[PDB]
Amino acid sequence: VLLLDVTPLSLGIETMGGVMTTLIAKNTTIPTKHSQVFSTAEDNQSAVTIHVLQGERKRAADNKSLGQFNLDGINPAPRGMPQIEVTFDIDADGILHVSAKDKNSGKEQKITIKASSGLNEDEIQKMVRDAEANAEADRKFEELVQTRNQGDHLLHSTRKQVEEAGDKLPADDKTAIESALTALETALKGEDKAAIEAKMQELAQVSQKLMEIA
C-alpha cells in the first residue's frame, strides 16, 4: 500500500524460432499464476524443452536464462496436437514455479527458481533501455520468425495433402509442387523473409488443384 512487489521484467519460455513467449508480464504484482497450453514442433515428438527466460527482448538468446527442464513421455501424435500446459506461479515469498503437464499422459516436470535468481537492479535498467533501443530489430526478427513458421506449416501441410491425395494428383501438378516444396524448405534454411514469401507464393500458384482434392 506504500509498496509493491512487482516483476521488474517479463518471464516466459523459448518457443519455435528462438522467440521468448511471455507467461507473466513486466510490472505484474506478486503473488501471481499464469498458464498457457503449448504443443510440439514435429510429428511423433516424445519431449519438449521448457527454456525459462527473464527479459524484454523478442529473441530468446538476448534474454536472461533462469534454467531449463525436459518433459518426456509425449505419446506419438501429429505436431500441434498434444497439450503441454506451462504454468508460472510466483508465491508471496518471491519463488517462481514453472510446471509443464501433458494433459493426455498426465505427466509433469517442475523447476523452482530462487527469488534471487536473474538480473540485479543494474542489468534490469540496461535490459529495458536495450529493448527500446531494438524495438525495430526485434519487430523485424519477430516478423521473420512468424514468416518462417507460416512457411514451415505450409510445407508440412502440403506434404500430408499430397500423401492423402496420392494417385488423385496429375503427374504434372505433383512435379511442379515437388519442385516448389524443395525450394521452400531450402529458403526456410535462410534468413531472407522475401525469399521465403516468394517460395510460399510459388506453392500457392502451383497447388490450386491439390487444394480442391483436399
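We call the rigid core whatever largest set of C-alpha positions still superposes within 1.5 Å between the two forms. From 1 onward, residues are counted along the sequence shown.
**Stretch with larger C-alpha RMS deviation in 9 other deposited structures of this protein, core superposed, 171 to 179 versus 29 to 37** = The stretch that sits farther from the shown form in 9 other deposited structures of this protein is 171 to 179.
**Prompt:** in 9 other deposited structures of this protein, superposed by the rigid core, which stretch departs further from the shown form in CA positions, 198 to 206 or 13 to 21?
**Reply:** After superposing on the rigid core, the more displaced stretch in 9 other deposited structures of this protein is 198 to 206.
**Prompt:** Do the CA atoms of 166 to 174 or those of 46 to 54 have the higher mean B-factor in the entry?
**Reply:** In the deposited entry, the stretch with the higher C-alpha B-factor mean is 166 to 174.
**Asked** Should the higher mean CA B-factor in the entry be assigned to 14 to 22 or to 186 to 194?
**Response** Looking at the record's C-alpha B-factors, the answer is 186 to 194.
**Message:** Quiz for you: based on the deposited Cα B-factor, which of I84, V128, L96, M81 is highest?
**Reply:** Each of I84, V128, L96, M81 was compared by C-alpha B-factor; the highest is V128.
**Request:** Go through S157, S39, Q146, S65 one by one and give the residue whose Cα B-factor in the PDB entry is largest.
**Result:** If I rank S157, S39, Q146, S65 by C-alpha B-factor, first place goes to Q146.
**Lowest, middle or highest third - CA B-factor, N27** = Its C-alpha B-factor belongs to the middle third of this chain's values.
**Prompt:** If you rank every modelled residue in this chain by C-alpha B factor, which third holds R59: lowest, middle or highest?
**Reply:** Ranked within chain, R59 CA B lands in the middle tercile.
**Message:** By the recorded C-alpha temperature factor, relative to the other modelled residues in its chain, which third is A92 in?
**Reply:** Top third by C-alpha B-factor.
**Message:** By the recorded C-alpha temperature factor, relative to the other modelled residues in its chain, which third is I111 in?
**Reply:** Ranked within chain, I111 CA B lands in the lowest tercile.
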